[PDB]
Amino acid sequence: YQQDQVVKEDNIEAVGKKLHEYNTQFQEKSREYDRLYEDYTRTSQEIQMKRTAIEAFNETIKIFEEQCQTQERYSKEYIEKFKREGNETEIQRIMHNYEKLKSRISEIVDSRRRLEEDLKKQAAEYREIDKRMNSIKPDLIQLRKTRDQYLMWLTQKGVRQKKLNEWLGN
């Protein structure tokens, strides 16, 4: 007066055939997960590297912004001193050099923006990878528990370890 069994086939050779199939189906889905878990980990390392590179752009720009600050403060004394000296040459050389400085900050900002766009994309990939991982997990767990239920069924029935291994091992 007890029930439990979930195995489909009835004959020993018929159940052992399904043991070979579900095992082959299990080992393929495991290789699929492992392939996806390599990408997950690789993308996790790539995204972190992009995020520290963005911090690098920030710290670089921050150094250029200090140079701007210093140029404005430091020029003040000399731009007046050379204008009373009638030296519009020495004034004009300072400002073009400062215009050149600011032109470089726009190059560095554009590059920071391109990486931010690439980090936005790779954050999306990471999530899609994680989604496909979580869509494969239920099958992977399904196929494991089936495989084991068939193993136990045949082991209870007395099937020797050598017959089991040739269904599994191949």
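Numbering starts at 1 and runs along the sequence shown.
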| property | result |
| --- | --- |
| Mean C-alpha temperature factor, higher of 94-102 and 81-89 | 81-89 |
| Mean C-alpha B-factor comparison - 143-151 and 6-14, higher one | 6-14 |
| Selection from 107, 59, 66, 117 [criterion: highest C-alpha temperature factor in the record] | 117 |
| Residue 32, C-alpha B-factor rank within chain (lowest, middle or highest third) | highest |
